[PDB]
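J.: Have a look at this one.
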Amino acid sequence: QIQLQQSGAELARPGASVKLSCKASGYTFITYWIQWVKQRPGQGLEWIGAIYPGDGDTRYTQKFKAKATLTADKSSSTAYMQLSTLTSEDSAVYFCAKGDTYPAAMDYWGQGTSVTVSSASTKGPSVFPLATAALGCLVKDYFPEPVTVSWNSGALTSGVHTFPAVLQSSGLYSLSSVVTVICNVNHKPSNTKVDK
Amino acid sequence: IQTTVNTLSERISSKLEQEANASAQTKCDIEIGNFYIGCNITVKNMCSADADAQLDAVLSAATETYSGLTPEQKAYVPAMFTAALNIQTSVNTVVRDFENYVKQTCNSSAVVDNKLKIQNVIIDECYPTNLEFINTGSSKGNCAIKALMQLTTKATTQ
Amino acid sequence: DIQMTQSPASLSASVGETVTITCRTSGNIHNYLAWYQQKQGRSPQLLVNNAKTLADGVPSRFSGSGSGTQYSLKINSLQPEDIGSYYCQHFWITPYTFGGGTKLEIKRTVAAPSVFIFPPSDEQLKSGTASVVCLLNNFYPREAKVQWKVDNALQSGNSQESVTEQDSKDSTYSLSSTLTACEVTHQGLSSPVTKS
């Protein structure tokens, strides 16, 4: 019923700016506060702040009062978070989440936007295959994160192990996905949809 | 008993029209929706737009009404706190205790960040006493009005 | 400003054991407190609201208790689907803060790796790159050693490895190592299995 759609994976440049969009659907977007949380990779949850789409009222954590500007468009039912002066500590996942008539707890959560701030260039994955028996896909040389892997357009779920990617010394990323018993690799930041 | 309740509503309406400069014709940001409970419930809009000033006037009205209370009437007040707020006190600390309760409660995110326009007020018990809810126009202001209304009702249970 | 100490930061336990996570506040927060569960690479999901109230769809083994400065999320009958991170969050007064997080993991019986090896696919060779992949599938004690020996020579500084998080269906781990023979050492095998 209630769905929060978030903007797709972005590559940001250091010291520049990025704008994140949270499209609400399934409720009166104008009567409930929206909240934003940041999670640095492998770290805990950070409360950024909250906007009240009707009033337009905002509350902020001090730390982010310089980094993040919360806005909302009632006509579109989209909340916006704007990130400025992008350091490396802004490389994180940002979540929007519906609250109540006061901010309160976040009961419905958006999927999250992965923001990588970097000078390097986007590069699409090369998907190399691999041979109960184990078969697999190698997703080599891609940037930024993340890549999604599915097997048989989602038919194959059991026995799948998609691994945490590794940062090859070049600064490009690699991961392998295997299943024991054709694989669909997606890389939004380079709009790649290889299905080996 | 009700004679005391009337003083309170008078003093709240006066102290409010003076320090908070409110009138029965001022626009209400927060309007009372429904009031639920031999007791007679009425709502009086005495609205304004400056919450902190409203809260300060409600407390000076309750302070004055309490201090005016006779020695016997005062001795009865400690029981009402426990019954209405699950908080203990004494005839020499009621005032300060009431103001911490309010300061703490009426500055909670569910009070001050609540963007709800129509507010409902519900009270369990009441014993032909006429009760008046002064809608102050703010969640903070009405929060203290609700706190006094809880003490007033569990007072009419004697 | 309300501060939130959550303890412990890690827990292990056997299926069916009961598990408790504590959140401690600098001030009284009058039960304006939520618990969330986060499964690997997913959004947080609300578990308990207003300290004690369970959310919709949340199973009966989750419980929440607490007074003014001390709140607890209890899991009687710990299940393998419960693997993940758990956070608390107060909403007593803006600004909202989170807890540090608890990482729940499951103790189970020792399970030996299944080892498979993959030869650099022809396409990768064509591109002047040769990655050889070693996969350990479903072992329990996460502690593992993959040694690389091509031409029976212990290679070094040329391998990258990657582990998964515990599988909810087995409570096991999986491992992938890349070289750009593998000797597997684990406390569920006797002599280190070597595939080449």
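To be explicit about the labels: the chains of the structure tokens are called A, B, and onward in the order shown, and within each one the residues are counted from 1, while ligands get numbers from 1 in the order they are shown.
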Define the interface residues of chain B facing chain C as those within 9 Å, counting only C-alpha atoms, and report them as a ChimeraX atom specification.

T.: /B:107-110,112-113

J.: Residues of chain A no more than 8 Å from chain B, counting only C-alpha atoms: send them over as a PDB file with N, CA, C and O atoms, in the first residue's frame.

T.:
```pdb
ATOM      1  N   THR A  31       0.120  15.104   5.217  1.00  0.00           N
ATOM      2  CA  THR A  31      -0.250  15.040   6.623  1.00  0.00           C
ATOM      3  C   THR A  31       0.763  14.287   7.494  1.00  0.00           C
ATOM      4  O   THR A  31       0.619  14.292   8.726  1.00  0.00           O
ATOM      5  N   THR A 101       2.021  12.309  12.438  1.00  0.00           N
ATOM      6  CA  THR A 101       1.754  13.742  12.509  1.00  0.00           C
ATOM      7  C   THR A 101       2.806  14.452  13.351  1.00  0.00           C
ATOM      8  O   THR A 101       3.017  15.659  13.195  1.00  0.00           O
ATOM      9  N   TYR A 102       3.447  13.746  14.267  1.00  0.00           N
ATOM     10  CA  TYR A 102       4.763  14.179  14.700  1.00  0.00           C
ATOM     11  C   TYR A 102       5.784  13.173  14.195  1.00  0.00           C
ATOM     12  O   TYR A 102       5.413  12.055  13.829  1.00  0.00           O
ATOM     13  N   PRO A 103       7.071  13.560  14.067  1.00  0.00           N
ATOM     14  CA  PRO A 103       8.027  12.689  13.365  1.00  0.00           C
ATOM     15  C   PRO A 103       7.981  11.252  13.858  1.00  0.00           C
ATOM     16  O   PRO A 103       7.658  10.352  13.076  1.00  0.00           O
ATOM     17  N   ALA A 104       8.263  11.028  15.137  1.00  0.00           N
ATOM     18  CA  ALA A 104       7.988   9.736  15.778  1.00  0.00           C
ATOM     19  C   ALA A 104       8.818   8.650  15.076  1.00  0.00           C
ATOM     20  O   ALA A 104       9.874   8.939  14.496  1.00  0.00           O
TER      21      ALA A 104
END
```

J.: Could you list, with a cut-off of 9 Å and counting only C-alpha atoms, the residues of segment 11-94 of chain A near segment 97-114 of chain C, each shown with its nearest atom pair and the distance in Å rounded to one decimal, rows sorted by chain and ascending number, as CSV?

T.:
```
residue,atom,partner,partner_atom,distance
A:43,CA,C:100,CA,8.7
A:44,CA,C:100,CA,5.9
A:45,CA,C:98,CA,6.2
A:46,CA,C:98,CA,6.6
A:47,CA,C:97,CA,5.9
A:61,CA,C:97,CA,8.7
```

J.: Tell me, counting only C-alpha atoms, for each residue of chain C within 8 Å of chain A, which pair of atoms is nearest and how far apart they are in Å to one decimal, in rows ordered by chain and increasing number, as a Markdown table.

T.:
```
| residue | atom | partner | partner_atom | distance |
| --- | --- | --- | --- | --- |
| C:32 | CA | A:104 | CA | 7.8 |
| C:33 | CA | A:105 | CA | 7.6 |
| C:34 | CA | A:105 | CA | 6.1 |
| C:42 | CA | A:111 | CA | 7.2 |
| C:43 | CA | A:111 | CA | 5.8 |
| C:44 | CA | A:109 | CA | 7.0 |
| C:45 | CA | A:107 | CA | 7.1 |
| C:46 | CA | A:107 | CA | 5.5 |
| C:49 | CA | A:105 | CA | 7.2 |
| C:87 | CA | A:45 | CA | 7.8 |
| C:89 | CA | A:105 | CA | 7.7 |
| C:91 | CA | A:104 | CA | 5.2 |
| C:94 | CA | A:59 | CA | 7.1 |
| C:95 | CA | A:61 | CA | 5.7 |
| C:96 | CA | A:47 | CA | 6.2 |
| C:97 | CA | A:47 | CA | 5.9 |
| C:98 | CA | A:45 | CA | 6.2 |
| C:99 | CA | A:45 | CA | 7.5 |
| C:100 | CA | A:44 | CA | 5.9 |
| C:101 | CA | A:44 | CA | 6.3 |
| C:116 | CA | A:134 | CA | 6.9 |
| C:118 | CA | A:130 | CA | 6.1 |
| C:119 | CA | A:130 | CA | 7.6 |
| C:121 | CA | A:128 | CA | 6.7 |
| C:123 | CA | A:128 | CA | 6.9 |
| C:124 | CA | A:128 | CA | 6.7 |
| C:160 | CA | A:166 | CA | 7.3 |
| C:161 | CA | A:166 | CA | 7.6 |
| C:162 | CA | A:164 | CA | 6.1 |
| C:163 | CA | A:163 | CA | 6.6 |
| C:164 | CA | A:163 | CA | 5.8 |
| C:174 | CA | A:161 | CA | 7.3 |
| C:175 | CA | A:163 | CA | 7.8 |
| C:176 | CA | A:163 | CA | 7.3 |
```

J.: Residue 54 of chain A: which residues within 12 Å, counting only C-alpha atoms, same-chain residues fewer than 3 positions away excluded, as a PDB file with C-alpha atoms, in the first residue's frame?

T.:
```pdb
ATOM      1  CA  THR A  28      -1.794  11.634   2.242  1.00  0.00           C
ATOM      2  CA  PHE A  29       1.794  12.847   1.713  1.00  0.00           C
ATOM      3  CA  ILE A  30       0.818  16.237   3.150  1.00  0.00           C
ATOM      4  CA  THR A  31      -0.250  15.040   6.623  1.00  0.00           C
ATOM      5  CA  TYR A  32       2.776  12.887   7.659  1.00  0.00           C
ATOM      6  CA  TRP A  33       6.388  13.897   8.393  1.00  0.00           C
ATOM      7  CA  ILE A  34       9.186  12.456   6.247  1.00  0.00           C
ATOM      8  CA  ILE A  51      10.424  17.674   6.899  1.00  0.00           C
ATOM      9  CA  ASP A  57       8.625  22.663   8.548  1.00  0.00           C
ATOM     10  CA  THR A  58      11.992  21.024   9.159  1.00  0.00           C
ATOM     11  CA  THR A  71      12.432  20.166   0.839  1.00  0.00           C
ATOM     12  CA  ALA A  72       9.142  18.727  -0.389  1.00  0.00           C
ATOM     13  CA  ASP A  73       6.877  19.117  -3.413  1.00  0.00           C
ATOM     14  CA  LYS A  74       3.227  18.534  -2.432  1.00  0.00           C
ATOM     15  CA  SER A  75       2.159  18.504  -6.074  1.00  0.00           C
ATOM     16  CA  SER A  77       4.446  13.853  -3.397  1.00  0.00           C
ATOM     17  CA  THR A  78       8.244  13.865  -3.556  1.00  0.00           C
ATOM     18  CA  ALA A  79      10.558  14.757  -0.694  1.00  0.00           C
ATOM     19  CA  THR A 101       1.754  13.742  12.509  1.00  0.00           C
TER      20      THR A 101
ATOM     21  CA  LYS B 115       1.122  19.175  13.077  1.00  0.00           C
ATOM     22  CA  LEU B 116      -2.407  17.882  13.781  1.00  0.00           C
ATOM     23  CA  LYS B 117      -4.986  20.643  13.334  1.00  0.00           C
TER      24      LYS B 117
END
```

J.: Tell me which protein, DNA and RNA residues are within 10 Å of residue 90 of chain B, counting only C-alpha atoms, leaving out same-chain ones fewer than 3 positions away, and put them as a list in words.

T.: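 Surrounding residues, per the criterion: residues 74, 75, 76, 77, 78, 79, 81, 93, 94, 95 and 97 of chain B.
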
J.: Which of these, C:138, C:74, C:152, C:88, has the shortest distance to residue 3 of chain C once you count only C-alpha atoms?

T.: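 When distances to residue 3 of chain C are compared using only C-alpha atoms, the smallest one comes from C:88.
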